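Every chain is numbered from 1 and lettered A, B, ... according to where its sequence line falls, protein lines coming before strand lines. Counting convention: from 1, in listed order, for ligands and their atoms alike. Excluded from the calculations below are hydrogen atoms, water molecules and symmetry mates; all remaining heavy atoms, backbone and side chain alike, are included.
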Amino acid sequence: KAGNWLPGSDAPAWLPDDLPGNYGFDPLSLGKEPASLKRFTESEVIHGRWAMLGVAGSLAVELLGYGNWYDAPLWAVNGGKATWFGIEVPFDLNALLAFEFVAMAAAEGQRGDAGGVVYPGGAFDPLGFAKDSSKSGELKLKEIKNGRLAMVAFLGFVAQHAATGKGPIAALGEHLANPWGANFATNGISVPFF
Amino acid sequence: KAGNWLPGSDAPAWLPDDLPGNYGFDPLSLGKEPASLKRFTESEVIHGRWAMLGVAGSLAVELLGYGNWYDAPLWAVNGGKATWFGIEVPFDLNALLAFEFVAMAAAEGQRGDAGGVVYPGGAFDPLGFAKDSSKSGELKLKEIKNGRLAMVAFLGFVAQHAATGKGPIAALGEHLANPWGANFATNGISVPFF
Amino acid sequence: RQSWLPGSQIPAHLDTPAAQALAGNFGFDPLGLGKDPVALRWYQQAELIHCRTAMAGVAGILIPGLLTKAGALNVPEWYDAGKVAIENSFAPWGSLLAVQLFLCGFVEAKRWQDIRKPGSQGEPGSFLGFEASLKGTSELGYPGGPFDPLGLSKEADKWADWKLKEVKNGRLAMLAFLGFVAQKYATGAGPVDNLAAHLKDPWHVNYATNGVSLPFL
Amino acid sequence: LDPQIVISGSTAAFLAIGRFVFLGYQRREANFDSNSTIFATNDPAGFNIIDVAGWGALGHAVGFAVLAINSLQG
Amino acid sequence: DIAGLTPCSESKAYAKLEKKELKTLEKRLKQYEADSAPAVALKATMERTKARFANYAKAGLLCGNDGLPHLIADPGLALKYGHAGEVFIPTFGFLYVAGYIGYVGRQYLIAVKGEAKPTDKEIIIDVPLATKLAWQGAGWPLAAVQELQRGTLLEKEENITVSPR
Amino acid sequence: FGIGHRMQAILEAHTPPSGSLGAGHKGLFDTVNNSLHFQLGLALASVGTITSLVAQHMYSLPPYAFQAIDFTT
Amino acid sequence: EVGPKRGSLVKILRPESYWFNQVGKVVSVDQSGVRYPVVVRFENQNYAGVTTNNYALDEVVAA
Ligand code: CLA
Ligand code: CLA
Ligand code: CLA
Ligand code: CLA
Ligand SMILES: CC1=C[C@H](O)CC(C)(C)[C@H]1/C=C/C(C)=C/C=C/C(C)=C/C=C/C=C(C)/C=C/C=C(C)/C=C/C1=C(C)C[C@H](O)CC1(C)C
Ligand SMILES: CC1=C[C@H](O)CC(C)(C)[C@H]1/C=C/C(C)=C/C=C/C(C)=C/C=C/C=C(C)/C=C/C=C(C)/C=C/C1=C(C)C[C@H](O)CC1(C)C
Ligand SMILES: CC1=C[C@H](O)CC(C)(C)[C@H]1/C=C/C(C)=C/C=C/C(C)=C/C=C/C=C(C)/C=C/C=C(C)/C=C/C1=C(C)C[C@H](O)CC1(C)C
Ligand SMILES: CC1=C(/C=C/C(C)=C/C=C/C(C)=C\C=C\C=C(C)\C=C\C=C(C)\C=C\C2=C(C)C[C@H](O)CC2(C)C)C(C)(C)CCC1
Ligand SMILES: CC1=C(/C=C/C(C)=C/C=C/C(C)=C/C=C/C=C(C)/C=C/C=C(C)/C=C/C2=C(C)CCCC2(C)C)C(C)(C)CCC1
Ligand SMILES: CCCCCCCCCCCCO[C@@H]1O[C@H](CO)[C@@H](O[C@H]2O[C@H](CO)[C@@H](O)[C@H](O)[C@H]2O)[C@H](O)[C@H]1O
């Protein structure tokens, strides 16, 4: 196992030991059924990968200086043009929905028709970092841990924005300037009685 | 054993006799288990080396007339440029954190991947001062003792600074000028009633 | 067999050898809340935590208050020290309470898991090698390792006496804090002020003359 | 906005995703769904006239919704 | 404040209603003597009315357009604007007394169910046992939580009779 | 025409995995299609709720001209 | 010797019985091939005021 989410508590019997990122965390027993646990595994891996890409993009835009993740689609609501890396994109919102819908429909349709494949390999791994399944167990643990961390980070991005109105980098700088005076307990939104 | 921390007391049975700096000091029984003793031993040696470097750096920077250890990072709080030995450095705080993080992460990862090695040797000992294992035990005792003294000295540096405000060299001169009038009992915070 | 009421029938659940091993057993349980052994064990842990917390709080209220009466200190009243301390502070009360709740929740959760499973906090490779010292002794609520640095619990001859001095004192402290609240709602002054006012004239300055504790008189 | 271009593109896109993407999933779901007329076609993938009508209907609805939203000027 | 209401200490209809009640009481008092029983009783009623109005205004109650106090049942609004004494504290008070009664009755039934004739104890109340259980019922929430956690609060499905469906 | 759904398949494929609802809706297609009282009860329940909805929406949002002034109506 | 012991407590398994899933005392068990040889007496009377009934061997379980 990867560890213990509750030091001293017995791990659930429905969680296999060879499962990556198995910390024995299942208080609600959601993955008790073997069929549900199989779907939950690929769902968590897909969510982790999407959240990793999303958090990386949200941090990259603010670090480079093109606004935050929330202000990015503000060009399509009131007379604006999309700018990727400071370069004007010649596509309107109507063309973006068609391209994205068709592309995502085709990709996700092939993925769904595959039959719940979590680790495809081959064309998706040109460098061959997981050619042998012996060392792939340790690399999968890093992927699931980074995915869970990125999921928590994206949830934190959404919550901190909905509570203050600033981007993740701006909130980090404000917290660094005043840690005790600028946190979730001082925004007047999270805890109403503070 | 190196000695007895408490004269008349019996040394603990969980502390090996060949361990460097073994004075039998373990009243809390923290290193009772063998797995914890190994990690704590490596941690103590690493702490001693880092403390020796820190105390030597603080003493040298205050003795050479380049400020104390507390005012060293003050240039990045009000706007300024760091200076090493009177020579200006064009690296800002943002570029310093990234380079230090990458270098320290790589070095510490390489050190930890060896399985907790305390005395690597080879490339780290080009002069061969510990080529023979007979004299290795004596020098290890000197290293752990100097490291413990440096750790105590750094704790004293931080405590005396937070109690008075001056640096270690300035505090030593003040105590040498007025020993009875300047000590920990006259700072106003160590002894509350007096 | 010491009893809280000479002649009263001691409950059967407080006369068992397991219940008699608890410190300060005086057969006091009129409501019968400790009939269940599991409930009795849980309440024993709660009483120990209450005793230690009340002793620390009552000490922090009485000693600085007694020193303030003299010229040793100038600590304000316990019911007003929070505002005075938060005025010239580096953080608001909300942020401080949040940090406190996180730090207290971690150790309280570890203590809770140890209550549910004794010695379970000694799981290897889980607390950076410090898990070996996180295993309590054979008695619940009395851990060693980092706690008890002087090692005064290793001597069994005084052990049974030591526990008797911890619960009893704690119980007294638990009542002291309660009085500190009631007096605050009946006189409007601090505990040392009430003690001095009563010592000046006990036959006329007491709870029978405050006009609150006896509304029918 | 050209209505012909939008309608033609939406219909062609839905027909393409219905013939090359969701055809296998639909066939697997239709067979597992358990008088009739067999609408046999020469299409190598079995894409018959009924599937053409269904996917064309979805494409037309999407195209007209897009045209309507763009006509609202918002 | 809450729901567009105004505090009773500032409502004009509240003071008007107080004046109306005192006016009808004074009008009834005008027909009697000054040192008789009806005069003293009417004066006592007037003082009680004045004290009641002052106490309701001092409590911070909210009055509507009719000048009558309005209660706040939402825990958030009650705890945020100082109205917990209307519906929150009395809620927990009733819960404590109701659970007290229910727990004492359940304990009495369980105690007399293991005797020779439980029905006889049900019609002829055993006063010593009932008094002991009534005094011991002060810790009903703790005892109830302990019974629920041990699994002894409920009865198994196989031991309860049901219809043939 | 091959496309579409079969209500029996949707009912049979709607059982929770943990078994909270037991067999789920297995056999519910036959007990509804073969029972006219079940269909009549469902129809009357929906029609009664819709009639109440009509009453509420009709007094609150009058759809006919000069209906709100006619108090008796 | 067939059937439950006399004086023992059994649980009624008859669904249409008033004492279904209830405990009753065994009075006597018939040794012939009758359909319901077990005689069970109950502390609580039914709607008809009866406190005893006859049950088969498989309709009663030792509980
Ligand atoms: C990747 C985890 C992560 C990190 C590094 C941060 C970091 C930060 N958050 Mg944030 N947050 C997170 C998750 C995270 N958050 C989640 C999941 C939520 C939804 C509940 C929020 C909701 C949130 C709000 C509403 C606000 C912040 C704010 C902030 C900033 C000030 C600190 C604070 O008050 O936050 C408090 C965060 C929490 C109380 C929940 C943290 C979740 C866990 C504990 C952290 C993840 C694990 C962590 C890496 C290791 C934990 C071990 C430790 C407990 C021993 C700060 C830079 C504030 C801000 O904008 O700055 C002024 C602010 O108002 N966060
Ligand atoms: C964090 C640094 C550190 C660490 C990891 C160790 C680790 C160890 N020491 Mg060592 N020691 C240290 C610092 C440290 N020491 C210092 C600074 C001194 C000089 C005072 C000594 C002097 C000393 C002696 C004389 C001996 C040891 C011995 C040992 C070994 C015995 C096992 C044990 O006792 O439990 C492990 C210890 C720890 C896990 C450290 C726990 C850290 C606690 C929490 C520190 C509490 C101090 C407190 C926070 C101070 C700050 C004040 C606060 C208000 C900020 C062990 C491997 C014995 C030995 O056999 O040598 C090999 C022995 O003879 N030590
Ligand atoms: C019995 C059903 C019931 C109903 C119908 C309501 C209804 C309401 N509650 Mg509520 N509440 C209930 C039970 C109920 N409560 C119980 C049992 C508790 C004890 C746990 C609470 C404790 C509670 C609090 C602490 C608060 C409310 C609040 C509210 C009001 C708005 C929030 C909301 O709708 O989300 C449902 C309510 C909750 C999920 C409880 C949490 C509060 C949520 C997170 C909203 C708080 C954010 C903010 C204060 C919203 C107002 C913004 C601005 C106008 C100030 C609303 C009229 C809020 C309010 O208006 O304050 C005056 C408020 O802060 N309730
Ligand atoms: C031991 C006494 C007792 C207890 C613990 C309960 C408990 C309960 N009853 Mg019940 N009930 C009782 C007596 C009791 N009842 C009596 C005497 C009657 C005849 C009037 C009823 C008639 C009754 C009905 C019709 C219903 C309940 C229902 C319920 C359940 C819902 C909560 C409720 O309060 O409903 C309301 C209960 C009442 C209004 C009657 C309470 C009567 C008093 C307050 C009880 C005092 C009994 C006794 C005199 C005190 C013990 C004396 C002893 C120490 C000597 C609950 C578990 C409901 C249900 O079916 O569950 C979902 C329901 O529909 N009860
Ligand atoms: C396990 C368990 C079990 C037990 O039993 C119970 C419980 C406890 C319940 C549990 C838990 C759970 C949880 C925690 C969950 C969570 C999740 C998450 C958070 C997700 C996210 C997730 C998330 C995600 C995906 C995300 C993603 C993101 C993205 C894409 C983004 C994108 C973007 C960007 C780039 C930027 C721009 O400008 C915009 C946009 C476009 C927008
Ligand atoms: C053994 C034991 C066991 C038993 O059982 C019990 C008991 C008693 C608990 C114990 C004891 C313990 C102790 C004593 C501890 C301590 C430690 C320490 C002091 C550390 C430090 C340690 C310390 C350290 C590392 C330090 C380091 C330092 C440094 C790096 C510095 C740096 C720097 C410099 C140069 C200067 C500049 O300007 C700044 C900076 C950049 C900042
Ligand atoms: C045994 C039994 C059983 C049978 O069956 C029945 C009956 C009779 C019911 C019973 C009895 C009971 C009782 C008596 C109880 C009580 C308890 C208590 C009092 C607690 C407290 C407890 C208490 C406690 C913890 C307390 C604590 C305290 C504290 C922390 C304090 C703190 C503070 C300070 C320092 C100062 C500042 O300035 C303020 C403050 C912040 C405020
Ligand atoms: C221990 C006890 C008895 C047992 C009682 C039992 C078994 C109770 C079981 C209850 C169960 C299974 C579920 C209860 C669910 C309760 C719910 C959903 C109620 C939630 C409360 C809500 C939504 C809000 C309430 C309110 C608050 C808190 C304050 C104000 O009231 C206003 C308002 C309505 C907003 C025995 C044995 C009869 C013996 C005797 C007392
Ligand atoms: C053979 C072939 C092919 C194909 C061709 C084509 C060209 C086809 C087609 C087809 C088509 C071209 C189709 C279409 C269709 C359509 C449809 C089917 C429709 C419809 C309708 C609807 C449903 C609508 C409705 C509406 C209205 C009426 C109003 C408004 C609203 C809405 C819109 C809803 C290719 C070359 C590829 C290859 C070779 C072979
Ligand atoms: C915020 C906006 C972005 C979020 C967009 C969300 C859109 C979600 C659309 C869901 C579309 C369903 O898409 C369809 O899913 C099913 C069910 O998993 C997949 O079906 C696949 O898996 C299931 C079981 O997991 C198998 O039984 C099936 O044989 C296989 O094809 C299909 O291959 C895919 O075509």
J.: Please determine if B/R111 and B/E108 form a salt bridge, counting it only when a charged side-chain N lies under 4.0 Å from a carboxylate O.
T.: yes
J.: Applying a strict 4.0 Å limit to heavy atoms, is B/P20 in contact with ligand 2?
T.: yes
J.: Can you tell whether the side chains of B/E42 and B/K38 come within less than 4.0 Å, N to carboxylate O?
T.: no
J.: Do NZ/NE/NH1/NH2 and the carboxylate oxygens of C/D148 and C/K154 come within less than 4.0 Å?
T.: no
J.: Taking atom CD of C/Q2 as the centre, report whether more than 12 heavy atoms of other residues, nucleotides or ligands fall under 6.0 Å from it.
T.: no
J.: Identify the protein heavy atom lying closest to atom 58 (C) of ligand 2, giving its residue, its atom name and the separation to 0.1 Å.
T.: B/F25 O, 3.4 Å
J.: Could you identify the single nearest non-hydrogen protein atom to atom 59 (C) of ligand 2 and state the distance to 0.1 Å?
T.: B/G21 O, 3.5 Å
J.: Just to confirm my output: which protein heavy-atom neighbour is closest to atom 50 (C) of ligand 2, and how far is it?
T.: B/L155 CD2, 4.6 Å
J.: Could you pull out the closest heavy-atom pair between C/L33 and C/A39, with the gap in Å?
T.: O-CB, 4.1 Å
J.: Determine the interplanar angle of the B/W69 and B/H161 rings, folded into 0 to 90°, and report it as parallel if under 30°, tilted if 30 to 60°, perpendicular if over 60°.
T.: perpendicular
J.: If we only count heavy atoms from C-beta on, is the C/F28 to C/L5 side-chain gap below 4.5 Å?
T.: no
J.: Is there at least one pair of N or O atoms, one from C/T53 and one from ligand 7, spaced under 3.5 Å apart?
T.: no
J.: Residue-level breakdown please: for B/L15 versus ligand 2, do any non-hydrogen atoms fall below 4.0 Å on the side chain, on the backbone, on both, or on neither?
T.: side chain
J.: I'd like to check which ligand 7 atoms, numbered from 1 as shown, lie under 4.0 Å from a non-hydrogen atom of C/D29.
T.: 5 (O)
J.: Keeping C/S95 on the side-chain end and A/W180 on the backbone end, is there a donor-acceptor pair under 3.5 Å?
T.: yes
J.: Determine, step by step, whether B/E143 and B/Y119 satisfy the side chain to side chain donor-acceptor pair (under 3.5 Å) criterion, reporting the C-alpha distance in whole Å, the side-chain angles of both residues, the deciding distance to 0.1 Å, and the verdict.
T.: CA-CA 11 Å; B/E143 181 185 18; B/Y119 307 99; 4.6 Å; no
J.: Quick one: which of B/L19, C/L128, B/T41, B/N4 has a heavy atom closest to atom 57 (C) of ligand 2?
T.: B/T41
J.: Does any part of the side chain of C/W42, heavy atoms only, come nearer than 4.5 Å to the side chain of E/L142, both counted from C-beta?
T.: no
J.: Compute both the distance and the angle, then confirm whether C/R52 meets the cation-pi test with C/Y142: under 6.0 Å from the six-membered ring centre, within 45 degrees of the axis.
T.: yes
J.: Which bit of B/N22 gets closer than 4.0 Å to ligand 2, counting heavy atoms only: side chain, backbone, both or neither?
T.: both
J.: Starting from atom 2 (C) of ligand 2, find the nearest protein heavy-atom neighbour and note its residue, name and distance.
T.: B/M151 SD, 3.9 Å
J.: Output the list of atoms in ligand 2 that are nearer than 4.0 Å to some heavy atom of B/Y23, sorted by atom number.
T.: 25 (C), 63 (C), 64 (O)
J.: What is the closest protein heavy atom to atom 5 (C) of ligand 2, and at what distance does it sit?
T.: B/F40 O, 3.6 Å
J.: Evaluating non-hydrogen atoms only, which member of B/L37, B/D17, B/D26 is closest to atom 33 (C) of ligand 2?
T.: B/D26
J.: Who's the nearest protein heavy-atom neighbour of atom 37 (C) of ligand 2, and how far?
T.: B/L30 CD1, 4.0 Å
J.: If you count the atoms of ligand 7 from 1 in the order shown, which ones are under 4.0 Å from a heavy atom of C/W78?
T.: 37 (C), 38 (O), 39 (C)
J.: I need the atoms of ligand 7 closer than 4.0 Å to a non-hydrogen atom of C/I61, numbered in the order shown.
T.: 34 (C), 35 (C), 36 (C)
J.: Is there side-chain contact between B/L28 and C/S133, with at least one heavy-atom pair below 4.5 Å?
T.: no
J.: B/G24 heavy atoms, cut-off 4.0 Å: which ligand 2 atoms fall inside?
T.: 64 (O)
J.: How does B/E44 reach ligand 2, if at all, at less than 4.0 Å between non-hydrogen atoms: by side chain, backbone, both, or neither?
T.: both
J.: Do any nitrogen or oxygen atoms of C/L178 come within less than 3.5 Å of a nitrogen or oxygen of ligand 7?
T.: no
J.: Record the part of B/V152 in heavy-atom contact with ligand 2 below 4.0 Å; permitted values are side chain, backbone, both and neither.
T.: side chain
J.: Quick one: does C/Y79 get a heavy atom under 4.0 Å from ligand 7?
T.: no
J.: Is the shortest heavy-atom distance from the side chain of C/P92 to the side chain of A/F194 under 4.5 Å?
T.: no
J.: Is the closest side-chain heavy-atom distance between B/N22 and B/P16 below 4.5 Å?
T.: no
J.: Considering only non-hydrogen protein atoms, determine which one is nearest to atom 18 (C) of ligand 2 and report residue, atom name and distance to 0.1 Å.
T.: B/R148 CG, 3.7 Å
J.: With hydrogens left out, which residues have an atom under 4.0 Å from ligand 6, given that only heavy atoms count?
T.: B/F25, B/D26, B/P27, B/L28, B/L30, B/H47, B/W50, B/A51, B/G54, B/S58, B/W69, B/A72, B/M151, B/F154
J.: Under 4.0 Å, counting heavy atoms only: does C/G82 come that close to any atom of ligand 7?
T.: no
